[PDB]
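Asker: What follows is the file upload35.txt, containing compact mmCIF, C-alpha atoms and all ligand atoms:
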# COMPACT_ATOMS: atom_id res chain seq x y z
CA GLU X 1 0.00 0.00 0.00
CA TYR X 2 2.86 2.52 0.61
CA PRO X 3 4.05 3.47 -2.85
CA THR X 4 7.51 2.37 -3.95
CA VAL X 5 10.06 3.84 -6.29
CA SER X 6 9.19 1.71 -9.40
CA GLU X 7 5.56 2.81 -9.09
CA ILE X 8 6.18 6.56 -9.33
CA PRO X 9 7.47 8.00 -12.57
CA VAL X 10 9.70 11.03 -12.18
CA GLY X 11 7.46 14.09 -12.24
CA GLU X 12 4.51 12.38 -10.48
CA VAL X 13 3.73 12.67 -6.79
CA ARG X 14 1.69 10.38 -4.47
CA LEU X 15 -0.11 11.29 -1.26
CA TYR X 16 -0.42 8.72 1.50
CA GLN X 17 -2.71 9.18 4.48
CA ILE X 18 -0.91 8.43 7.75
CA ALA X 19 -3.65 9.64 10.10
CA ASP X 20 -6.43 12.22 10.20
CA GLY X 21 -4.88 15.45 9.01
CA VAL X 22 -1.48 13.92 8.31
CA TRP X 23 -0.13 12.76 4.97
CA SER X 24 3.23 11.92 3.48
CA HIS X 25 4.10 12.94 -0.04
CA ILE X 26 6.23 10.64 -2.15
CA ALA X 27 8.10 11.62 -5.27
CA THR X 28 11.08 10.37 -7.26
CA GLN X 29 14.19 11.97 -8.73
CA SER X 30 17.48 11.10 -10.41
CA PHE X 31 20.70 11.34 -8.43
CA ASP X 32 24.05 10.21 -9.87
CA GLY X 33 22.53 7.91 -12.48
CA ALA X 34 19.78 6.33 -10.36
CA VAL X 35 16.24 7.25 -9.36
CA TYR X 36 15.29 7.36 -5.70
CA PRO X 37 12.05 7.90 -3.82
CA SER X 38 11.75 10.70 -1.28
CA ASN X 39 9.22 11.50 1.46
CA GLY X 40 7.88 14.77 2.84
CA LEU X 41 4.97 15.53 5.18
CA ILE X 42 1.68 17.44 4.97
CA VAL X 43 -0.16 18.44 8.17
CA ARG X 44 -3.58 20.05 8.48
CA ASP X 45 -3.28 23.47 10.18
CA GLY X 46 -6.93 24.49 10.76
CA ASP X 47 -8.17 25.57 7.34
CA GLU X 48 -4.68 25.56 5.79
CA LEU X 49 -1.89 23.02 5.22
CA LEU X 50 1.64 22.97 6.56
CA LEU X 51 4.13 21.34 4.15
CA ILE X 52 7.34 19.74 5.35
CA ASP X 53 9.92 19.65 2.58
CA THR X 54 9.64 20.07 -1.16
CA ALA X 55 9.13 17.10 -3.50
CA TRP X 56 12.74 17.31 -4.77
CA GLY X 57 12.78 19.66 -7.72
CA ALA X 58 10.58 22.33 -9.28
CA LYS X 59 8.65 19.94 -11.58
CA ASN X 60 7.86 17.51 -8.75
CA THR X 61 6.88 20.30 -6.35
CA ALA X 62 4.43 21.69 -8.90
CA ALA X 63 2.91 18.19 -9.24
CA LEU X 64 2.71 18.07 -5.42
CA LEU X 65 0.68 21.29 -5.29
CA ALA X 66 -1.66 20.03 -8.01
CA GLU X 67 -2.10 16.70 -6.22
CA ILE X 68 -2.88 18.49 -2.95
CA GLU X 69 -5.44 20.69 -4.68
CA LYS X 70 -7.06 17.70 -6.38
CA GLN X 71 -7.11 15.38 -3.34
CA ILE X 72 -7.33 17.67 -0.28
CA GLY X 73 -8.35 21.09 -1.61
CA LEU X 74 -6.95 23.20 1.23
CA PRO X 75 -4.24 25.81 0.52
CA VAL X 76 -0.61 25.16 1.52
CA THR X 77 0.22 28.42 3.29
CA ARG X 78 3.57 27.56 4.95
CA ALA X 79 6.44 25.19 4.18
CA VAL X 80 9.50 24.14 6.28
CA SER X 81 12.64 22.66 4.74
CA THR X 82 14.41 20.26 7.13
CA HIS X 83 17.87 20.63 5.55
CA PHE X 84 19.66 22.42 2.77
CA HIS X 85 19.98 19.74 0.04
CA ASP X 86 17.88 19.73 -3.13
CA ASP X 87 15.43 17.03 -2.06
CA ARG X 88 14.38 19.43 0.70
CA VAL X 89 14.60 22.97 -0.79
CA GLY X 90 14.53 22.19 -4.53
CA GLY X 91 11.14 23.62 -5.51
CA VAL X 92 10.99 26.44 -2.99
CA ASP X 93 10.73 28.97 -5.84
CA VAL X 94 7.63 27.13 -7.10
CA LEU X 95 6.13 27.24 -3.58
CA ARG X 96 6.79 30.93 -3.29
CA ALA X 97 5.31 31.57 -6.78
CA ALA X 98 2.19 29.72 -5.58
CA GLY X 99 1.82 31.96 -2.52
CA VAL X 100 3.45 29.70 0.06
CA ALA X 101 5.53 31.29 2.83
CA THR X 102 8.75 29.26 2.99
CA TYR X 103 10.80 28.67 6.18
CA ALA X 104 14.06 27.10 7.32
CA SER X 105 16.58 27.56 10.11
CA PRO X 106 19.19 30.28 9.69
CA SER X 107 21.77 27.50 9.25
CA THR X 108 19.81 25.76 6.49
CA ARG X 109 19.30 29.07 4.66
CA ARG X 110 23.04 29.90 4.76
CA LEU X 111 24.07 26.44 3.60
CA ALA X 112 21.52 26.47 0.78
CA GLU X 113 22.95 29.81 -0.38
CA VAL X 114 26.56 28.56 -0.37
CA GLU X 115 25.47 25.42 -2.18
CA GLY X 116 23.68 27.41 -4.93
CA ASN X 117 20.28 25.98 -3.93
CA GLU X 118 16.95 27.72 -3.56
CA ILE X 119 16.71 29.64 -0.29
CA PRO X 120 13.62 29.56 1.93
CA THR X 121 12.46 33.12 2.65
CA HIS X 122 11.90 33.16 6.42
CA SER X 123 14.21 32.14 9.30
CA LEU X 124 13.00 29.84 12.05
CA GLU X 125 14.14 31.21 15.40
CA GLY X 126 15.02 29.04 18.38
CA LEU X 127 16.73 26.02 16.75
CA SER X 128 20.39 27.04 17.18
CA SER X 129 21.61 24.39 19.60
CA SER X 130 21.33 20.61 19.69
CA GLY X 131 18.22 19.73 21.70
CA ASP X 132 16.34 22.93 20.81
CA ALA X 133 12.61 22.56 20.01
CA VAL X 134 9.96 25.08 18.92
CA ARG X 135 6.28 24.91 18.12
CA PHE X 136 5.24 25.65 14.54
CA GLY X 137 1.49 25.49 14.10
CA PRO X 138 0.39 21.86 14.50
CA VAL X 139 3.97 20.48 14.74
CA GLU X 140 7.08 20.63 16.89
CA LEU X 141 10.41 21.25 15.16
CA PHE X 142 13.46 19.68 16.81
CA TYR X 143 17.16 20.13 16.08
CA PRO X 144 18.80 16.90 17.29
CA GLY X 145 22.36 17.87 16.42
CA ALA X 146 24.48 17.03 13.41
CA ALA X 147 23.73 13.81 11.56
CA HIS X 148 22.95 13.43 7.86
CA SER X 149 23.87 17.10 7.75
CA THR X 150 24.86 19.70 10.31
CA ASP X 151 21.54 21.51 9.97
CA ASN X 152 19.03 18.66 9.79
CA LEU X 153 15.73 19.07 11.60
CA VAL X 154 13.09 16.54 12.55
CA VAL X 155 9.39 17.17 12.95
CA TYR X 156 6.88 15.73 15.40
CA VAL X 157 3.08 15.84 15.07
CA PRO X 158 1.88 15.44 18.64
CA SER X 159 -1.82 14.98 17.87
CA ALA X 160 -0.98 11.89 15.75
CA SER X 161 2.28 10.66 17.33
CA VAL X 162 4.04 10.95 13.97
CA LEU X 163 7.77 11.50 13.83
CA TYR X 164 9.25 12.70 10.56
CA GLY X 165 13.00 12.11 10.57
CA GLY X 166 13.92 13.37 7.12
CA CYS X 167 17.28 12.15 5.88
CA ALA X 168 18.65 11.66 9.41
CA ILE X 169 16.53 8.48 9.66
CA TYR X 170 16.93 5.50 7.32
CA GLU X 171 14.22 3.00 6.33
CA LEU X 172 14.46 -0.46 7.81
CA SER X 173 15.56 -2.25 4.61
CA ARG X 174 18.35 0.26 3.83
CA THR X 175 21.70 -1.23 4.84
CA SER X 176 23.92 1.26 3.01
CA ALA X 177 24.49 4.84 4.04
CA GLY X 178 23.75 6.84 0.94
CA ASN X 179 24.87 10.38 0.35
CA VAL X 180 27.02 11.23 3.40
CA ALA X 181 29.04 14.10 1.90
CA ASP X 182 27.98 16.66 4.49
CA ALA X 183 27.28 14.17 7.30
CA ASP X 184 28.88 14.00 10.72
CA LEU X 185 29.24 10.26 11.34
CA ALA X 186 30.64 10.57 14.88
CA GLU X 187 27.76 12.80 16.01
CA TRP X 188 24.94 11.02 14.14
CA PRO X 189 24.32 8.31 16.75
CA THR X 190 24.25 10.94 19.54
CA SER X 191 21.76 13.01 17.54
CA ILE X 192 19.57 9.90 17.14
CA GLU X 193 19.76 9.32 20.89
CA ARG X 194 18.41 12.86 21.42
CA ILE X 195 15.46 12.12 19.11
CA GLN X 196 14.79 8.91 21.00
CA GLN X 197 14.76 10.68 24.38
CA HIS X 198 12.58 13.55 23.23
CA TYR X 199 9.95 11.48 21.33
CA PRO X 200 9.71 8.15 23.22
CA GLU X 201 5.99 7.77 22.47
CA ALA X 202 6.17 8.20 18.68
CA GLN X 203 4.02 5.60 16.89
CA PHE X 204 4.86 6.28 13.21
CA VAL X 205 8.35 7.20 12.03
CA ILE X 206 8.86 8.51 8.51
CA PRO X 207 12.37 8.32 7.01
CA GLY X 208 13.47 10.73 4.32
CA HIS X 209 13.38 7.92 1.74
CA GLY X 210 11.39 4.70 1.74
CA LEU X 211 8.92 2.92 3.98
CA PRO X 212 7.63 4.30 7.25
CA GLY X 213 8.01 2.17 10.33
CA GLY X 214 8.37 2.51 14.10
CA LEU X 215 10.99 3.63 16.61
CA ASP X 216 13.05 0.63 15.47
CA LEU X 217 14.18 2.87 12.55
CA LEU X 218 16.29 4.95 15.00
CA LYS X 219 18.31 1.99 16.32
CA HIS X 220 18.57 0.62 12.79
CA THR X 221 19.91 3.94 11.51
CA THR X 222 22.56 4.07 14.28
CA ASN X 223 23.59 0.50 13.37
CA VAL X 224 24.07 1.38 9.70
CA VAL X 225 25.99 4.55 10.57
CA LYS X 226 28.26 2.82 13.12
CA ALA X 227 28.93 0.07 10.54
CA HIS X 228 29.97 2.71 7.97
CA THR X 229 32.48 4.18 10.42
CA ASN X 230 34.25 0.88 11.12
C1 LIG G 301 20.41 10.42 1.58
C2 LIG G 301 19.67 11.73 1.33
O1 LIG G 301 18.55 11.87 1.75
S1 LIG G 301 20.55 13.05 0.51
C3 LIG G 301 19.74 14.17 -0.55
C4 LIG G 301 20.26 13.69 -1.87
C5 LIG G 301 19.40 12.52 -2.31
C6 LIG G 301 20.04 11.17 -2.03
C7 LIG G 301 18.97 10.10 -2.07
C8 LIG G 301 19.56 8.72 -1.83
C9 LIG G 301 18.86 7.82 -1.04
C10 LIG G 301 19.37 6.56 -0.79
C11 LIG G 301 20.59 6.20 -1.32
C12 LIG G 301 21.29 7.09 -2.10
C13 LIG G 301 20.79 8.36 -2.36
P1 LIG G 301 20.28 15.12 -3.00
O2 LIG G 301 19.35 16.20 -2.67
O3 LIG G 301 21.62 15.77 -3.10
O4 LIG G 301 19.91 14.80 -4.37
CL CL G 302 22.08 19.63 -2.84
ZN ZN G 303 20.73 15.66 2.31
Please re-express this file's structure in structure tokens.
Ligand SMILES: CC(=O)SC[C@@H](CCCc1ccccc1)P(=O)(O)O
Ligand SMILES: [Cl-]
Ligand SMILES: [Zn+2]

Answerer:
Amino acid sequence: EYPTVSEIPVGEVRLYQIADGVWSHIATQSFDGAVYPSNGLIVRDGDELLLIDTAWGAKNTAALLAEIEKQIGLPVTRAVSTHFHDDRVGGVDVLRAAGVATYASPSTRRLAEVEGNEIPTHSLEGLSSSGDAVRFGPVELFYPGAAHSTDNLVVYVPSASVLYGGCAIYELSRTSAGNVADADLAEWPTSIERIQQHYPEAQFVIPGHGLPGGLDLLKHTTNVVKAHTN
């Protein structure tokens, strides 16, 4: 039932209902000669929607907006990018053109600029230090410390017990650390431990790519990371 990479042509986007008022979005994109799936989140915010992460590229993010309008029919009014790479901010210009207010931490914005990526407009205050959390509409944003990248954020939806890990959390079947160019391998397991301590009651955990699962994804991710340091 959760859609997989072979099922989603590049340029198409799927929505998957996780709970009342909470969806993931799934899209696909080419990276270094292969196509990969990628997850974001959508959360009902009263009469509006909160989007977590783009659908990895302008074309995909436009298909995401059209899919939302077709299937849900509420406006996306705000979007948060959880780190600075193109699967998370690629498409921000499309969001902004569509009337969406785009957000990221000051760190994410700076890194996106240096990288030549699209830059979310607004800075999120209060996420400077490992362990910092802030409320943002119907979610909590948490900076666990450096992991997949130095700036990566995770997102918790307390009304549904949904934890979105972005690229700091791997799916259960993934045994190989993927893109780790900007990762901090020594800090990653500590950052996971912070997530674990802060969200011990999470029921659904969404990795940045692939199948959702449970809190077992956190331990699994640490295992893969520790294995790729030995
Ligand atoms: C592992 C990630 O989430 S990194 C973001 C890259 C996507 C990498 C996706 C991926 C997933 C599993 C294995 C290899 C690559 P980019 O934005 O630079 O294209
Ligand atoms: Cl990138
Ligand atoms: Zn990344």

Asker: Would you mind listing the residues within 10 Å of ligand LIG 301 (chain G), counting all atoms listed in the file, as a ChimeraX atom specification?

Answerer: /X:28-32,34-39,56-57,83-90,117,148-149,166-171,174-183,207-210

Asker: What's the separation between CA of residue 206 (chain X) and CA of residue 191 (chain X), in Å to one decimal place?

Answerer: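 CA of residue 191 (chain X) lies 16.4 Å from CA of residue 206 (chain X).
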
Asker: Would you mind telling me which residue in X:163, X:133, X:150, X:141 lies nearest to residue 107 (chain X) when using only C-alpha atoms?

Answerer: X:150

Asker: Given all atoms listed in the file as the basis, pick out the residue of X:33, X:73, X:116, X:46 nearest to ligand CL 302 (chain G).

Answerer: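 Between X:33, X:73, X:116, X:46, the residue approaching ligand CL 302 (chain G) most closely is X:116.
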
Asker: Under the rule that only C-alpha atoms and all ligand atoms are counted, which of X:216, X:193, X:140, X:53 is the nearest residue to ligand ZN 303 (chain G)?

Answerer: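 Nearest to ligand ZN 303 (chain G): X:53.
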
Asker: Return the single residue from X:201, X:118, X:12, X:184 that is closest to ligand CL 302 (chain G), with distances computed using all atoms listed in the file.

Answerer: X:118

Asker: Take CA of residue 144 (chain X) and CA of residue 5 (chain X) and report the distance between them in Å, one decimal.

Answerer: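 Between CA of residue 144 (chain X) and CA of residue 5 (chain X) the gap is 28.3 Å.
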
Asker: Within 12 Å of region 21-24 of chain X, which residues of region 65-123 of chain X come that close, and what is the closest atom pair and distance in Å for each? Count only C-alpha atoms and give it as CSV.

Answerer:
residue,atom,partner,partner_atom,distance
X:68,CA,X:23,CA,10.2
X:71,CA,X:23,CA,11.2
X:72,CA,X:21,CA,9.9
X:74,CA,X:21,CA,11.2
